[PDB]
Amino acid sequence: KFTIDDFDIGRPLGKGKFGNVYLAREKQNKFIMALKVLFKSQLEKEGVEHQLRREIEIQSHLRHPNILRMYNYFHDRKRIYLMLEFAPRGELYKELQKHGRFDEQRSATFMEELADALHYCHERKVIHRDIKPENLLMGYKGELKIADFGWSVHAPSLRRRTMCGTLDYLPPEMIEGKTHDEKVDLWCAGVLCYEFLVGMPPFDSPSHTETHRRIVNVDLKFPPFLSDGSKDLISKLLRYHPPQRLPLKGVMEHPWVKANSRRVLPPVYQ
């Protein structure tokens, strides 16, 4: 029922491959959101139609304060429009780059919000598979928002085989060609926590094979400035054996998380 003329277009928020996001205001409610605009011809030429359908199917059925909301979507002759939650503080990776690294309070807060969103996803057998700063946005009070579901999969029964994600974040099992499960996200959460606090990911190397080597050996080397609590949490997530990794409920209950998180839940409608 929606069309482009239901919205005032404000300004560009981000360009991209396919691929432009705008600040937009839905006219009848004056509600500020973002519209991601995709070109049908380009998608099809690129053969990403099924890819995009699956991202839409997943993200449009998730409702959580730390997952970027997809309210609805629509299309016209040439374009597909995704109606998304506006994250007013923008890209988390930009903030991390600006600061170099985050303090423990900021990192612990983000970690709690991450584990809560990922737990919601796993409850529904959705594995995200590509948690890294670049895929996170920030809400009005800095709340983490999981924003991109590009590698995500609904996996009710079958373990998975697809190598996906981002080099520095790959779990040993993907590198080794084994089947994987939801516990891949636990591994990537540990990588993320480290990168939050250090500013570089833990297995950083000149080459893909040396990075692969550091990952499968879990060659983790903590800088001396990190607290024992933050190392304890990272070590419990970055475990070679998927079943030994700290569960997401374990991350939320971790003492370093409890002691440092200043997480605030956004107001809810009523």
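Numbering starts at 1 and follows the sequence shown. We call the rigid core the largest set of C-alpha positions that still match within 1.5 Å between the two forms.
- Relative to the shown model and aligned on the rigid core, the C-alphas in 6 other deposited structures of this protein deviate most, among 17-25 and 257-265, for 17-25.
- Core-fitted comparison in 6 other deposited structures of this protein shows that, between 56-64 and 222-230, the CA atoms farther from the shown form belong to 56-64.
- Higher average CA B factor: 22-30, of the stretches 57-65 and 22-30.
- Note on 170-178 vs 188-196: mean CA B-factor is higher in 170-178.
- Looking only at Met252, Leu246, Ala259, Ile9, the residue with the top Cα B factor in the deposited structure is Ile9.
- When the C-alpha B-factors of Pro223, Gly229, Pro202, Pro242 are ranked from the entry, the top spot goes to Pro223.
- For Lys98, the recorded CA temperature factor ranks within the highest third of the chain's modelled residues.
- Per the PDB record, residue ranking by Cα B-factor puts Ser235 in the lowest third of the chain.
- Sort the chain's modelled residues by C-alpha temperature factor and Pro133 lands in the lowest third, per the entry.
- In the deposited entry, the Cα temperature factor of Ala147 places it in the middle third of its chain's modelled residues.
- For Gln105, the recorded CA B-factor ranks within the middle third of the chain. Only modelled residues enter the ranking.
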